[PDB]
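Shown below, as structure tokens, is a lone chain in the form deposited in one PDB entry; questions about how it binds or moves come after it.
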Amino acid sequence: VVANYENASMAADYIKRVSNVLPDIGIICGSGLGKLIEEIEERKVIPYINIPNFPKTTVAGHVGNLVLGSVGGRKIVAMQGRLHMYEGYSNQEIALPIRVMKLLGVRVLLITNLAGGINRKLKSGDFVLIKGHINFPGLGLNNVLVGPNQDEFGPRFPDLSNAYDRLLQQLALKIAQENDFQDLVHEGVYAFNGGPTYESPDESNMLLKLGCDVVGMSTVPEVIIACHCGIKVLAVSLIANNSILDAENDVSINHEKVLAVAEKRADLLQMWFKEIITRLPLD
């Protein structure tokens, strides 16, 4: 399936009919997150299997439901699990859900993920506001946009220099200062590693040389598709482990540890995002 205007519209119209929601804000829940979903008011749950051409989640900690409803007076659509390129899906399959969000009316997209810390300061449980990225697949001819351009969504050559909206980062940090957890909040550059192997110790050391603060296997594809069709983005990494110090201590990383960190910070991440949604500009 191609992520074109026609197929995106078919999916959006199904969602519109079954949920009756026209959302302004979209949300993506990373590995093991999805406690925000219990706070949605007047909610409607739509399994991905019922949506025309929507792919199935295959990773632990990614529930395949779309949830719509009200949060902080605003209407939202939330992905309770995301798709990843290491699963074997094509760039058209990864791009489709974001283009459905565009046609539903989404103007601001709030993204979460779990990631490894590269910067030596970062420890398990910390948050990183993403301010830029290094797209290793994109440099090496696996960019999500390789192929015919879908002109109804955006330009052949998008500029990514404001992909991570500056005012949204400032707002997120202001709310953290207001509630006295600004000591958990950093800003940083996100490296996209295709995966599914964790970074080797020498790959982590290289990323540190190159100026990356965190590394993970998601997010950059969706961010580029959002930027291409004019959707503003805020992206936050929850740090699962520090890869540099782990390698020095011969400490292993595994997906069970990742899911446990997500469970320990999910309530706070839910509160933070609810307040950001509430304070977003009405335009």
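Heads up, when I say rigid core I mean the largest set of C-alphas that superpose within 1.5 Å between the two forms. Numbers follow the displayed sequence, beginning with 1.
On average, are the C-alpha B-factors higher in 45-53 or in 210-218?
If you average the C-alpha B-factors of 45-53 and of 210-218, the larger mean comes out for 45-53.
Mind pulling up the entry and telling me whether 143-151 or 70-78 has the higher mean Cα temperature factor?
It is 70-78 that shows the higher mean C-alpha B-factor.
Report the option among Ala247, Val59, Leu238, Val258 whose CA atom has the maximum B-factor in the deposited record.
Highest C-alpha B-factor among the listed residues goes to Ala247.
Rank-wise, by C-alpha B-factor, drop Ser204 into the lowest, middle or highest third of its chain.
Lowest third.
Could you look up the Cα B-factor of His228 in the entry and say which third of the chain it sits in: lowest, middle or highest?
For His228, whose C-alpha B-factor we compare with every modelled residue in the chain, the answer is the lowest third.
Lowest, middle or highest third: which one holds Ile28 when the chain's residues are ordered by CA B-factor from the entry?
CA B-factor rank for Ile28: lowest third.
In terms of the CA temperature factor given in the entry, to which third of its chain does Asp180 belong: lowest, middle or highest?
Its C-alpha B-factor, which the entry lists for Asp180, ranks in the highest third among residues of this chain.
For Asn91, does the deposited CA B-factor place it in the lowest, middle or highest third of the chain?
According to the entry, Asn91 has a C-alpha B-factor in the chain's lowest third.
Keep in mind that the form deposited in another entry is missing from the display, and what follows is about it.
Superposing on the rigid core, which residue among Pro55, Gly69, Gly34, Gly216 shifts its Cα by at least 2 Å between the shown form and the other one?
None of the others reach 2 Å, which leaves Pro55.
Looking in the other form, decide if the C-alpha atoms of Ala60 and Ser90 are closer or farther than in the form shown; they differ by 3 Å or more.
Closer is correct, given that in the other form the C-alpha spacing of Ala60 to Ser90 is reduced by at least 3 Å.
Taking the shown form as the reference, report whether the CA atoms of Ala60 and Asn142 lie closer or farther apart in the other form; the distance changes by 3 angstroms or more.
Compared with this form, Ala60 and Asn142 lie closer in the other form.
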